[PDB]
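Q: With the input below, show me the fold.
(chains A and B)
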Amino acid sequence: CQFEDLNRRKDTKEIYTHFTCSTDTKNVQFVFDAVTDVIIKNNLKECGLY
Amino acid sequence: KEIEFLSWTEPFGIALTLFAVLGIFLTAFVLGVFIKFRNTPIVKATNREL
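A: Numbers count the residues shown, from 1 in each chain, chains lettered A, B, ... in the order given. Provided below are the atomic coordinates:
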């Protein structure tokens, strides 16, 4: 919370937070999903639908 | 001979006229609501021009 509240621009950007570790490959999965979300929302803003 | 047709003075034509006017009124109300809340995220979601 202390990290995310430092985002003064709460309208045109988003913060996706993880806790990593687990000695696994879920980190690349999280990055992939977050990038897909970013791409989709960028297209939505470009269309004006968001 | 008597002439049969749906007249503006006959009660059934009156009912149809009032229902059409009510529909036009509600459509105008909806359009005004969208024009006011144009920047709303939900209104933005659906294509506002269409």
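Q: residues in chain A within reach of chain B, list them.
A: A:48-50 (CB under 8 Å from any CB of the partner chain). For every residue, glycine as well, the C-beta is placed using N, CA and C.
Q: which one of those residues sits closest to residue A:21?
A: Using CB to CB, residue A:50 comes nearest to residue A:21 of the residues of chain A next to chain B, at 33.1 Å.
Q: so where does residue B:29 fall, helix or strand?
A: Using DSSP states H and E, the element containing residue B:29 is helix B:11-36.
Q: Briefly note if that helix comes near chain A.
A: No - Helix B:11-36 stays clear of chain A (CB under 8 Å from any CB), getting no nearer than 14.0 Å.
Q: The next helix or strand along the chain from that helix: how far from the chain's middle?
A: As assigned by DSSP H and E, the chain's next helix or strand after helix B:11-36 is helix B:41-45. Distance, stretch centre to chain centre, for helix B:41-45: 23 Å (CA atoms, centre = their mean, to the nearest Å).
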